[PDB]
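Asks: Take a look and give me a structure for this.
(12 chains, ligands or ions: 1)
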Amino acid sequence: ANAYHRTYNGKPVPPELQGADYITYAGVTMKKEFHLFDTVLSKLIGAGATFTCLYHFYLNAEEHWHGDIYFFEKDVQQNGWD
Amino acid sequence: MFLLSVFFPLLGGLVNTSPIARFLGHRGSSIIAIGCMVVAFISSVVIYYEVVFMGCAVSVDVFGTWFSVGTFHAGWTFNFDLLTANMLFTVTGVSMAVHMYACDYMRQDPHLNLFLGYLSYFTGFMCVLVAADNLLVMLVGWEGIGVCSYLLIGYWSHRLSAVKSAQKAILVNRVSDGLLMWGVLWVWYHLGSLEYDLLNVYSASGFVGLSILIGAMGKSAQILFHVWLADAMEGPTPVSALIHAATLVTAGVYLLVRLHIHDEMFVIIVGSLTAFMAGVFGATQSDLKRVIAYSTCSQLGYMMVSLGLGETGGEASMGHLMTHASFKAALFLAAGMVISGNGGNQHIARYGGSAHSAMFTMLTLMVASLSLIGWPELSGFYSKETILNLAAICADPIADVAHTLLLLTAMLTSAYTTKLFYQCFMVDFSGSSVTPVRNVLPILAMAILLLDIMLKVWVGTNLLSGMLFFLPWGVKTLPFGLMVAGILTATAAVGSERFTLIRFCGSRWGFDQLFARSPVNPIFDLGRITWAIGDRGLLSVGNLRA
Amino acid sequence: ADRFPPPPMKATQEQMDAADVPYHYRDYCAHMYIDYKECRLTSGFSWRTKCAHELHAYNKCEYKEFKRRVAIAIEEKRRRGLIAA
Amino acid sequence: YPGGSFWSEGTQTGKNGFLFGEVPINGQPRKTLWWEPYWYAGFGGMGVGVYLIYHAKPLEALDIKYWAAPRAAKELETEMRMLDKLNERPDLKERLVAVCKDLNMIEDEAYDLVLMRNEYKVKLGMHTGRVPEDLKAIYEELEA
Amino acid sequence: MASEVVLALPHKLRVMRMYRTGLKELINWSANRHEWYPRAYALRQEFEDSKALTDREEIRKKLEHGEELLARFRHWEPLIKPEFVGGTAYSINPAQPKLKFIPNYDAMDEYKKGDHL
Amino acid sequence: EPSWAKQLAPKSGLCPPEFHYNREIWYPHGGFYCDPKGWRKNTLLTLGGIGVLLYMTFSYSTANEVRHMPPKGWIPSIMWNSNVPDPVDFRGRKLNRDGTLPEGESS
Amino acid sequence: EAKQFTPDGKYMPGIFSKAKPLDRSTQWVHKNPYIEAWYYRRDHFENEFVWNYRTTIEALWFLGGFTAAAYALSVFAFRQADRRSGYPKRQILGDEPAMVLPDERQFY
Amino acid sequence: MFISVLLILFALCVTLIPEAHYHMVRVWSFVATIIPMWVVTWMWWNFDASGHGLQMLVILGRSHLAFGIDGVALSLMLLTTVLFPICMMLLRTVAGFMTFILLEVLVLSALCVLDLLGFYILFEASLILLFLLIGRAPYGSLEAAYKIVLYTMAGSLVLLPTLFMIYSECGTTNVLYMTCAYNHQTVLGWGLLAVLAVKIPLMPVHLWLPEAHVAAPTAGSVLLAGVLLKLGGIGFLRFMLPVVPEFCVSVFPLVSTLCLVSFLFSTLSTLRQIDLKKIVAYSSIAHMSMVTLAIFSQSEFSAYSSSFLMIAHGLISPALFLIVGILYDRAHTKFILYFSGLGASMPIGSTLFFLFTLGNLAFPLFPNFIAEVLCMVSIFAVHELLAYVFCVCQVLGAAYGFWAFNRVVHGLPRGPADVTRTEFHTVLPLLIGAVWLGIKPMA
Amino acid sequence: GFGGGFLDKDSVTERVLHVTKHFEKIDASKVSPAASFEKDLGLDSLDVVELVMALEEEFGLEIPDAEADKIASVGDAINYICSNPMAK
Amino acid sequence: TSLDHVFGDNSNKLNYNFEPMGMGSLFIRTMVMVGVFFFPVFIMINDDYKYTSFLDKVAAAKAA
Amino acid sequence: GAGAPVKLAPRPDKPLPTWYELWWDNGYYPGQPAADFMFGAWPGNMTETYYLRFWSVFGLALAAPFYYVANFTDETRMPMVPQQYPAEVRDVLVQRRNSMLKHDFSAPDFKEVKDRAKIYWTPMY
Amino acid sequence: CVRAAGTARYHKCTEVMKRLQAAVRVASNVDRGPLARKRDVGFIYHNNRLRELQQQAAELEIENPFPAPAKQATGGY
Ligand SMILES: CCCCCCCCCCCC(=O)SCCNC(=O)CCNC(=O)[C@H](O)C(C)(C)COP(=O)(O)O
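Replies: Numbers count the residues shown, from 1 in each chain, chains lettered A, B, ... in the order given. Let me share the structure:
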């Protein structure tokens, strides 16, 4: 059913619906739950995206901090023309 | 392995719609559809690898000719080039995950298998369209995907709004198709053949480019043709995702890129206007689906401008399509998951918190948003920056307007995308539904979409990415700063006092209302006048009473 | 263009045909384009690493070409009188 | 999900709908309607005849388009060398240009005149004098 | 201005529907319910400044001005629950109305199922 | 209750119990929430037919493949197709059917 | 609930059956009188014609006007096709004796 | 000839059958129409496309009656002989069998006629048959029969003086000598234009068909839709172009503008129709106008394209009439507002409605699509403006088509259940033929 | 479950009572089944409109305007809910 | 009527008179549609007019 | 969650309009016209006059930069000439009318090159 | 030719394209019929008329209102 149960009228909260598995606020109880596969896959995908961005950026940081004009004119002046 | 990319989804859809489906059930229908999609995807991956990397184009004689009367010769022939390989790979990769998601989203729908079969037909006819070597097969694919879209939009035949939307879209696309047919007539009359490889043009009679571009704009929902796209959200989430990711909307741009026989001025003007309209449209609504559709329209306008720039611009536009499809489908699927977790709520004003949905869906939406808005070093980043740089160096003074318009449009894109994410999760909860669905298959579909997005960066679409074009340092950083500005403004979530502009913007500029009575009611009146006044009146011959 | 004439072409028509070069890239840096294409289209995933020198050389040649184009534009403007001389 | 799994036992036995509304009665096999055998015989016979026409009649008997392919292939073959020699003889090309100017034709219709040596108006004008005599010579040396 | 049916409502009912639809519109223009709360309090207070009005001419003036304000502010995209009238989930898949079935129609009155002439 | 109802299957467990759908309609696809009993055996037979048709179209595809130009390098199409021409690289050097440089210039 | 058949086929007309027999007329609709009047009026709309101001204005401006437009457009297309094939003026119906049907034996 | 006379006598044996044995009555009536289908199949197997433009020539002495076969006549005969058994499958009276047998005989005789006087005599010999068919006492409309009969008689009476004048001018009535003599092309041309513009629905004189094809029963409706309009197109192709070309040329702007305005007004008028049968009636007008313009274009391949379109309409439109007839008979009304939720009620029937609607709308994988492509190729080669006018209004027909389809099919389920085995069998030949001609019509 | 799309009487009554007590003017002990709004609870027309909207939120309902106008007491609202198959 | 108290009754009546459009507005919008959707006709005709103007100027100048 | 109860559309009980063939009744309430906005209210109660008035200025405001840039600034604005190619290579590339290389004002035949680039519509005989 | 040449088509399959266009023109315009206008696949009549108009306007000493004639419009002509 609903992951949130509503009590109303200040009713005594059901004892079966209390514990570490139930967290209540304003008389309304929500459950502390964890999913293994979901969290693991989320971590994998997030780490993949983060590493992708980090490594792509590090390979191309000079071409961003300075301009392509600046970087290549610097190379021409410093490291030859041919 | 070559003909597997086309015939296999078609056979799967035929089986799914055959009386055989009676003996299988929804479980079996899902199994068959997923297997067919995976097999076609493997074949498409192999074809993509071989064609893109080893440059091997293959032409196929399939069923002999279709019809050859006079000098007109039409043949069931298929050719696979870099363009066709890219289109097939993109479409198959999108539709595989689309089928995976649809196998779970509609699990409590009664007639699921018909939905699966129509999706498979849509994918197969898209493959047919892209496999075309001559214009007639392109037309066949065009109308087949149109028919599939009509059936899919009108899946829930019990809602009148969806039926009206489907009929409106069909009629608009039929206008575009008449324009396209006239263009095809001109092309054959002045070129003598239909195969694209036999079509090399330097200067046509203008009507070719004009009519072809109008017909393409019809499918791409550009300016004067975009009204149907928003109403397509009446259909199920998988249909909208598949249509807006790699099919139908892409077909016009695909035809334009394949042809490259347009006129730069009109292409650029139309693309810029459409992009600006889509950008101002997306930030001014409160329906989640409509915003993503308008974003699709804006990216279509971007691709239009790119292909109008030139051959290199055309290839960049094709790469923009290839990168756009994946995260467009990802955004649609994440929105659908969030909506289902919200008890079918399709309005933003009743969301909030991190309790309604799963972590993976949130992360996937975040990644897709980042890629679409051009976040630095990302999938959409590369294509958007390439198109911007190629548009910052154009030889047309007209393009200068387009560059500024696209800058504004990108800033607004970041604005409403950040607003979308903010209303989805960052704001406090303001609805009544929490059913976080954590089924494996849609999560895996999101994973496949994200993996393809990663591949599009780790492996470039073409050689254009990494080709450095020489701009001042501020110019390159400009779209980055625009995205930052959109981030700031949206995270502020602030609004203006000029409420008349607000009511104008929200109305979609009244275009639906304008077309409601300028052509349509006069068409009705012309019909009544013709029938009653002429036939029963002027043309009537009465009786000689006696 | 006389003041800044194009350099001689180091890539022949036959070489470009063998490399299957798109015809709109048959520029004054064709050989660099060919080498970059041959490198990148064979490397697999790690193309940005094992082909960095080829990309840098191609972009350097394109930088020379872009400078030549800018100089040609400046000289043309100076001849016509659009820029003070 | 029934049984709590995607791999559970089925739930449906019996008749799922009535095709045509034909309902079994007491296990008796369905009566064939009066018109079914004759309809099937006639229409299947027509279809069989159609397939046999399309896949057994001689290609020339089936359609003219097969009759003309071998006869036009040789003419195209022998006219290709005529065209190629016209690419090697500026004098013959300019003579054909003059003939085309004589015949309400433009400079670009040079190859058009070459390919039409077997056309009705061409030979009739040759016989009646409307065609220049030199066109016959042009054809003769180009064939040579 | 309201519609003719609302024009026919009793003064109490007219003002009640006015206030109700005003709250509805404020939700419709709201970014969130949380934004809607202070707006709701202010809207409640504004009516509280008109509680002790007796002269029906000025009462009618205020009511008409408010009705014009509301009519000028009809939201283009109202916030609707999905399974009600105008909602997206409305009229998706209803229960099949009872439909009679005709068994073995071809079997009845054979050789005489054509057309009279 | 009519006579012919006994030949009819009941509403499936997938179907919502509160729903009525005039179960007597013969649908081309199966109807409502259709879920037969021997469905897994039907699924296996359907997959067998899929595989057979896959093999037929695979054979036809390999038969009717036309390659107008040598490829740029090694491809898996070689292992099942011999009509594939021997590749020629970007530099024009002809390469063996394994896609590696031949002797004289290799190693 | 009737029995219009025997246990071995043999359709029974059931003339003297108390129950209402299922037949071809079984699924006939119950006609709505207003709908019937509307459909008769629309099938017999011919009695509603009149030479009013609006009808005449509409008939001249649209029907005859677009007839003239299409006629002139056809004339233009015909003459332009003639000019695009190298032909002189051709004799349309009522256009004075002139060239018709260019000979296949002449190059134009 | 001998075989034809044998069939003629064999068909007449229906009346000689005592009515007691109804089973054999139906069998004989159906088989009599079955036989000519196989005979035409045998003819097609006997034809030579490498032979003369006319084959199987026969003349009945000095009695006119010149019979010869081209591709157009053979294809029309094939389509008609496919259509007729379905019509027979929808009749229950001996009188209907006799009337339709005579109608089929007349159509077949006219289809291969080569004498203009012969065509004149043989064509309109069925006018009384149509008059008796349409205005049947319990359900027909006398006014529709009155209309159509008067229109046809007016056309024939206009034509006859021209026919006899050219006969006297050339001393005969054979086409192959009428085509070879100098003649006053103008008068005969007006006669031919009048007749074949009455027969084919062309504005302004076209108003009989909407009443006629609706008042008639299903079999006669299919006959009138798929046959008698094509008698006009084959009429053009066989007579007018071969005989009087100069009139055809000088009238070309008039014919083109009349066809265009006919198409436009018919397309616009259709949307305001409130009955499915009337909607189907107006649908054929645009197809006939397109056929006529394609014939009159004569640009590259006009005759073949026109024949293809004629076959396509005679294939698809009878399916629309079949669906309309099934719905009316099992509904007792044709009024649209009583049709709703048909897909859930008639799944296969509604699917067929969709497919044949798409067939009417010229979509790929259907013969109509290739037909209209070829017709627009012929029109375009003459001029591009006419082709654009045809191309621009493609949306306007599909508008009413999709609107009516969605209105009657989707929504609240109410009405008849799905189709029966007989009805699906009647639908079957058109579906198979359309698929076959839309995939591989040629080889 | 229970009900042909309808919920129980008792949870509806409890929810209505729990919603009802959200006013400063209201003393808790005087709220009961079938209670007058104006005469008993002393809530103005604005309060009645607010309560209607709040109950619409609590039960997820879009009440028609005329039916809302009919609502003038606790019992009327409860019985109206007891007629709704669309209430959650 | 069993659902009126849930989704509204049939009390409210549609305010539409079912009347043909304004004559002048209908005419103007018909002309607007014709102009927008038959532009190739005008383009071809104006091309012919420009061509014949060129021929007229050539004829005027060439005979003097 | 299929199967939600839905209100039906009661059959009419008064004489129909002459042109009733514009109201879409699918059998369920609420019905709709043939197309949205065609008659009756519009969401927001806006009118066609409002949108015509707004567009009368919005269209020109959007169009104005197009005309100004197309009529007051030329290729000299760009600080570089287009990508250069050898004569035997450029000679085919510029033949395309859509090709952007025509805007090289440094071209040896620049005005001639632009002269060929104009667009015609009717093919001339 | 096109599929064998690939990229080099713009300088390798010109003549075969010209041959094919000439064949198409012969097939169409010869015995074109009574009503069909003449067809130029290679736009040959267009550009020849363009050159004649250019020459005439040059003799006319006025600005050209028409595009300058093109050397070739297709991959063939
Ligand atoms: C976006 C916002 C747009 C503008 C929205 C409108 C804002 C303007 C609001 C200001 C105008 C008014 O308050 S409207 C004026 C309302 N007040 C009166 O008319 C005087 C009192 N008369 C009575 O009959 C009753 O006391 C009554 C209180 C009506 C009923 O309460 P009960 O039945 O309990 O008794």
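
Asks: next one: the host helix or strand of residue H:242 to chain centre, how far?
Replies: Per DSSP states H and E: residue H:242 is located in helix H:241-243. Relative to its chain's centre, helix H:241-243 lies at 22 Å (Cα atoms, centre = their mean, to the nearest Å).

Asks: tell me what that helix is packed against?
Replies: Packing partners of helix H:241-243 (3 or more Cβ pairs under 8 Å, 6 or more residues apart in numbering or on different chains; DSSP states H and E): helix H:175-178, helix H:185-199. In this view, the C-beta of every residue, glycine as well, is placed from N, C-alpha and C.

Asks: among these, which is the most enclosed?
Replies: Of all these, helix H:185-199 has the most neighbours on average by mean count of other Cβ atoms under 10 Å in any protein chain shown, namely a mean of 22.

Asks: How about the residues of chain G by chain J?
Replies: Residues of chain G lying close to chain J (Cβ under 8 Å from any Cβ of the partner chain) are G:54, G:57, G:58, G:61, G:62, G:73, G:76, G:80.

Asks: Quick check: the fifth one touching residue B:526?
Replies: Yes - between residue G:62 and residue B:526 there is a contact at 7.1 Å, judged by Cβ atoms under 8 Å.

Asks: out of the two, which sits in the busier spot?
Replies: Using other Cβ atoms under 10 Å in any protein chain shown as the criterion, residue G:62 and residue B:526 rank with residue B:526 on top: 23 against 20.

Asks: Could you find the closest non-adjacent residue to that one?
Replies: Using Cβ to Cβ, 6 or more residues apart in numbering or on different chains and skipping the chain neighbours, the partner closest in space to residue B:526 is residue H:268 (5.0 Å).

Asks: Next up, the contacts around the one you found.
Replies: Taking Cβ atoms under 8 Å, 6 or more residues apart in numbering or on different chains, we find residue H:268 in contact with B:523, B:526, B:527, B:530, H:396.

Asks: and if you look at residue B:223?
Replies: Residue B:223 sits next to B:217, B:270, B:273, B:274, B:277 when contact means Cβ under 8 Å, 6+ apart.

Asks: Show me those that map onto helices.
Replies: B:217, B:270, B:273, B:274, B:277 (DSSP state H).

Asks: any idea how far the fourth one lies from residue B:169?
Replies: To residue B:169, residue B:274 is 17 Å away according to Cβ to Cβ, to the nearest Å.

Asks: quick one: which of the two has more around it?
Replies: Shown here are residue B:274 and residue B:169; by other Cβ under 10 Å, residue B:274 has more neighbours (27 against 24).

Asks: Okay, angle between the helix or strand harbouring the residue nearest to residue B:526 and helix H:185-199 too, please.
Replies: Secondary structure assignment for residue H:268, by DSSP H and E: helix H:252-271. Per axes from the mean of the first three to the mean of the last three Cα atoms, to 10 degrees, the angle that helix H:252-271 makes with helix H:185-199 is 10 degrees.

Asks: what comes up buried for helix H:252-271?
Replies: H:252-253, H:255-271 (16 or more other Cβ atoms under 10 Å in any protein chain shown).

Asks: burial count for residue 46?
Replies: No chain specified, so I'll use chain A. Residues near residue A:46, counting by other Cβ under 10 Å: 17.

Asks: my bad, the chain I had in mind was chain L
Replies: Residue L:46, neighbours per other Cβ under 10 Å, totals 22.

Asks: I figured it was touching residue K:122, is that so?
Replies: No - between residue L:46 and residue K:122 there is no contact under Cβ under 8 Å: 9.3 Å.

Asks: SS state for residue F:25?
Replies: Secondary structure for residue F:25, judged by DSSP: H, G, I helix; E, B strand; the rest coil, is coil.

Asks: What does it show for phi and psi?
Replies: phi -80, psi 130 (degrees, to the nearest 10).

Asks: Could you list which residues are in contact with it?
Replies: So residue F:25 contacts D:17, F:31, H:344, H:345, H:347, H:417, H:418 (Cβ under 8 Å, 6+ apart).

Asks: Save the residues of chain G next to chain J as TSV, and put in distance to chain E too.
Replies: As requested, those are arranged in TSV below (distance: Cβ to the nearest Cβ, whole Å):
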residue	distance to chain E
G:54	30
G:57	34
G:58	33
G:61	37
G:62	36
G:73	43
G:76	47
G:80	50
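
Asks: Which PyMOL command selects the buried ones in those residues?
Replies: The buried residues among those can be selected in PyMOL (16+ other Cβ under 10 Å) with this line:
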select buried, chain G and resi 58+62+73+76+80
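
Asks: Arrange the residues of chain G next to chain J in a markdown table, one row each, with distance to chain K and secondary structure as further columns.
Replies: Output for these, formatted as a markdown table (distance: Cβ to the nearest Cβ, whole Å; DSSP: H, G, I helix; E, B strand; the rest coil):
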| residue | distance to chain K | secondary structure |
| --- | --- | --- |
| G:54 | 14 | helix |
| G:57 | 19 | helix |
| G:58 | 15 | helix |
| G:61 | 20 | helix |
| G:62 | 17 | helix |
| G:73 | 15 | helix |
| G:76 | 12 | helix |
| G:80 | 8 | helix |
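
Asks: Between the residues of chain G next to chain J, which sits nearest residue B:410?
Replies: Within the residues of chain G next to chain J, the smallest distance to residue B:410 is 46.5 Å, found for residue G:73 (Cβ to Cβ).

Asks: is it true that that closest one touches residue H:385?
Replies: Yes - the pair residue G:73 and residue H:385 passes the contact test of Cβ under 8 Å, sitting 6.3 Å apart.

Asks: Give me the common contacts of those two.
Replies: residue J:41.

Asks: Check the contact between residue H:36 and residue H:105; I expect there is one.
Replies: No - checked against Cβ under 8 Å, the pair residue H:36 and residue H:105 is beyond contact range at 9.0 Å.

Asks: the more surrounded of these two?
Replies: The neighbour count for residue H:36 versus residue H:105, taken as other Cβ under 10 Å, is higher for residue H:36 (22 against 19).

Asks: and that one, how far is that from residue L:36?
Replies: 38 Å.

Asks: Same question for residue C:36.
Replies: 53 Å.

Asks: Enumerate every residue touching whichever residue of chain C sits closest to the ligand.
Replies: At 57.1 Å from the ligand, residue C:48 is the closest residue in chain C, using Cβ to the nearest ligand atom. If you count contacts by Cβ under 8 Å, 6+ apart, residue C:48 has them with A:56, A:59, B:466, C:55.

Asks: can you check residue G:21 too?
Replies: Residue G:21 neighbours (Cβ under 8 Å, 6+ apart): G:2, G:4, G:13, G:14.

Asks: Right, and chain D sits closest to which residue of chain F?
Replies: The minimum distance from chain F to chain D, using Cβ to the nearest Cβ, falls at residue F:26 (2.9 Å).

Asks: Report how many residues lie close to that residue.
Replies: Per other Cβ under 10 Å, the neighbour tally for residue F:26 reads 20.

Asks: Leaving out chain neighbours, which residue sits closest to it?
Replies: residue D:17 (2.9 Å).

Asks: how many other residues sit next to residue 24?
Replies: Unless you meant another one, I'm taking chain A. 14.

Asks: wrong one, chain I
Replies: Other residues close to residue I:24 by other Cβ under 10 Å number 4.

Asks: go on, residue H:167?
Replies: A count of neighbours around residue H:167, defined by other Cβ under 10 Å, yields 17.

Asks: for residue H:375, same thing?
Replies: Quick note: residue H:375 (other Cβ under 10 Å) scores 27 neighbours.

Asks: what residues are up against it?
Replies: Neighbouring residues of residue H:375 by Cβ under 8 Å, 6+ apart: H:290, H:291, H:293, H:294, H:305, H:306, H:308, H:309, H:390.

Asks: doesn't residue H:256 make contact with the third one?
Replies: Meaning residue H:293. Yes - in this structure residue H:293 lies within contact range of residue H:256 using Cβ under 8 Å: 6.2 Å.

Asks: which residues are common contacts for these two?
Replies: residue H:386.

Asks: Pipe the contacts of residue C:48 into CSV and attach distance to residue I:27 and neighbour count per row.
Replies: Below are the contacts of residue C:48 laid out as CSV (distance: Cβ to Cβ, whole Å; neighbours: other Cβ atoms under 10 Å in any protein chain shown):
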residue, distance to residue I:27, neighbour count
A:56, 68, 18
A:59, 73, 13
B:466, 76, 20
C:55, 81, 20
